[PDB]
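Below: one structure, written as structure tokens.
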Amino acid sequence: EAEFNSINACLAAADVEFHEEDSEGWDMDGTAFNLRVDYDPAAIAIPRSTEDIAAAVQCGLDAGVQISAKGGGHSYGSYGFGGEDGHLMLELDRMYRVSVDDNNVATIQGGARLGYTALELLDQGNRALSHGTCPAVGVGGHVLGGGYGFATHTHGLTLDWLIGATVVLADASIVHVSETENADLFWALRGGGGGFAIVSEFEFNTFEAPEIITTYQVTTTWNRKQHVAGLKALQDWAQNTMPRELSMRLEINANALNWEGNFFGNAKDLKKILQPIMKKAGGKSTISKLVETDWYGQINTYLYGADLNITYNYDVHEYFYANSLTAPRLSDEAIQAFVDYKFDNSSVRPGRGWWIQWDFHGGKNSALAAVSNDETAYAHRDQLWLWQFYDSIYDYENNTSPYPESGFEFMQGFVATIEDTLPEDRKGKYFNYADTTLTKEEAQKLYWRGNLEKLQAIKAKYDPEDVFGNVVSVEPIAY
Ligand SMILES: *Cc1cc2c(nc3c(=O)[nH]c(=O)nc-3n2C[C@H](O)[C@H](O)[C@H](O)COP(=O)(O)OP(=O)(O)OC[C@H]2O[C@@H](n3cnc4c(N)ncnc43)[C@H](O)[C@@H]2O)c(*)c1C
Ligand SMILES: O=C1N[C@H](CO)[C@@H](O[C@@H]2O[C@H](CO)[C@@H](O)[C@H](O)[C@H]2O)[C@H](O)[C@H]1O
Ligand SMILES: *[C@@H]1O[C@H](CO)[C@@H](O)[C@H](O)[C@H]1NC(C)=O
Ligand SMILES: *[C@@H]1O[C@H](CO)[C@@H](O)[C@H](O)[C@H]1NC(C)=O
Ligand SMILES: [Zn+2]
Ligand SMILES: [Zn+2]
Ligand SMILES: [Zn+2]
Ligand SMILES: [Zn+2]
């Protein structure tokens, strides 16, 4: 029944399942992954079809509230909730069908997650897609922001494999999009973030699961000076040497700096590639992981304790503050400042912890960079580096200090070490690694840089009344 909620009444009338605010379902779906930014929705609809989504949207329109689609709910700013209280939430994780046709084209429902998807792709023709490491991530938010992982240097972003989708617009209409149909909306869905439309189904091209993948890890024992020289070497290497079939990211925390990634080939060939750079980077390191496995194998190497096959029964949480950054080749000042920050400004109380992922994002041999900033809404094709900053409170149930009041300064200063040295137009951030301290105006310019204005015009055309907007999303502004 729809006691005390006019939206639930509307959904009920349209035969659309919902969660009453007094139910356990509300507890599960209504609580964000990042408890530091949990929000209270106006209602939660649970669509099972494209029609249910449109019906849910109409009800949102009737109520005069904004509507937020939630895929896997892994957004760092809880944008599946709209990034604030009061939105109608459309929990889509009950819509996770994955079907691969004879052309190796995969149809994936808007609420499917990476783990489940990867399993289906493997089971249905031994296919694969380029995506992140977390099995819980929703395919939806992932592809709308890009989709970065250990296959990006070789196969680009998750969105570079998107060829079409079935979506529901702000006015509840249902349309099809592709490079030849509503091409402007399609462009926007490929990197534009949330708020353009609600995707009921995605259409992906796929590549055959590689017969062999060699995962690896290099452990360094570098001091301050060695960190600087190492990164400089790694940088020249990333731009002029690093092979297409090799991905890499640096795991960085208070006491370590490790290189890790996947290689689409054999261990012997990989060792021949790693040795020269390890030497160029000044030695003081060794290979701590080197194993040949298969697609399924590489996937299960980066789960970090997470269940692999996740659908609609998900109740995992964390309490943290994240940040990100994209940038071109760095000068000695940036690298030197970054290192000094780790060595002199990264002390945290017990119960608190941090890490940074230094991603070999662009470069000459990166497939990601083989696509121009004009080809999709993704606007960082010209950036060599991508970073993720993660500040977390492990014992949040007992103590969250310095949060919610403060704490942001730590990672913000960390980002600043590199960002402050860049020309305004080159400063950027990755929407999938959202920084919640940004204003809608700051966020738009950083997440979409050069493509912002075009995205705003497209947004103006497809959602002029910003029905699907969240707190930092592209706004409806016509040229
Ligand atoms: C928690 C978590 C996040 C991760 C992880 N690993 C990642 C990785 O290896 N690479 C990445 O590139 N990103 C990783 N992320 C970061 C982000 O969590 C993801 O990239 C996605 O943004 C998360 O997607 P999802 O879980 O679906 O997020 P929601 O918060 O539900 O919504 C995000 C956002 O976009 C909209 N949206 C989602 N789904 C749809 C559909 N079907 N249609 C329209 N819009 C959709 C939301 O409304 C919102 O704006 C690893 C971990 C553990
Ligand atoms: O984008 C990402 N995001 C997630 C976080 O949302 C990262 O996970 C973390 O990766 C860390 C190691 O880099 C682990 O120690 C930690 O437990 C684990 O949760 C993951 O490695 C990375 O791919
Ligand atoms: C994943 O879960 C779904 C539904 O619970 C199930 O149908 C599927 O077989 C599972 N995948 C596995 C474990 O192969
Ligand atoms: C970092 O620490 C140094 C001393 O170790 C201090 O001088 C500096 O102000 C700190 N930087 C910031 C802005 O936190
Ligand atoms: Zn009731
Ligand atoms: Zn409420
Ligand atoms: Zn090669
Ligand atoms: Zn300077």
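We count from 1, first residue shown onward.
Per the header: X-ray crystallography, 2.0 Å.
Cβ atoms are placed via backbone N, Cα and C, with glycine included.
Among the candidates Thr133, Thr180, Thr301, the residue that Swiss-Prot names alongside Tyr76, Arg249, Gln357, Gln388, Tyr433 for the substrate site is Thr133. Looking at the candidates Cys10, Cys134, Swiss-Prot gives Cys10 as the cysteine bonded to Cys59 by a disulfide.
Through the fold, the expression tag (1-4) approaches residues 10-12, 18, 20-21 of its own chain, all at least 6 residues removed from its boundaries and within a Cβ separation under 8 Å. In three-state terms derived from DSSP, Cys10 (disulfide bond) belongs to a helical segment. The CA atom of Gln388 (substrate binding site) is located 17 Å away from the CA atom of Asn345 (N-linked glycosylation site).
Of all Cβ atoms in the shown protein chains, 19 besides its own fall within 10 Å of the Cβ of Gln388 (substrate binding site).
Looking at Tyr76 (substrate binding site) and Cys59 (disulfide bond), their Cα atoms lie 27 Å from each other. Distance between Cα atoms for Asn309 (N-linked glycosylation site) and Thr133 (substrate binding site): 13 Å, as a whole number.
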